[PDB]
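The data below hold one chain only, encoded as structure tokens and taken in the form deposited in one PDB entry.
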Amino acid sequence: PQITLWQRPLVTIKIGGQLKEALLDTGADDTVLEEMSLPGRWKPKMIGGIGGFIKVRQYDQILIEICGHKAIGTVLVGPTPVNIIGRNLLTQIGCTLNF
């Protein structure tokens, strides 16, 4: 698509059959999604936040489908206030910033 930033660039993502909406954040290196159950084998990971570090669970190789584009990458699942699609997956779908 072409997305303008006059409003927060939220998009619908499909992961786990579950359908969520997330922020395309060129400033986030990682994807952090709200707590959901992903079939997998996870490894612990601490990520920073306002107020402190929270622990999240790291799932590698998850397939996710951002604005209809299949993408394989790691997602971190955890008590995040907002679902973020960071650069590790913006890459795969071919995002660019253009002006």
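Residues that one form lacks are left out of the comparison. Residue positions are given as counts along the sequence shown, with the first one as 1. Only the largest set of C-alpha atoms that superpose within 1.5 Å between the two forms is called the rigid core.
Although it is not shown, the form deposited with a partner chain bound is what the next lines describe.
Contact between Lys45 and its partner chain in the entry with it bound is found at the 4.5 Å heavy atom cutoff. In the entry with it bound, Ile15 stays away from its partner chain, with no heavy atom inside 4.5 Å.
Using a 4.5 angstroms limit between non-hydrogen atoms, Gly27 touches its partner chain in the entry with it bound.
When contacts are judged by a 4.5 Å heavy atom cut-off, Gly40 does not count as touching its partner chain in the entry with it bound.
Just one residue from the list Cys67, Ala28, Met36, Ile54 crosses the 2 Å line for C-alpha shift between the shown form and the other one on a rigid core fit, and it is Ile54. Listed alone, the shifted run between the shown form and the other one is 46-55, counting only residues present in both forms whose C-alphas move 2 Å or more over at least three consecutive positions once the core is aligned.
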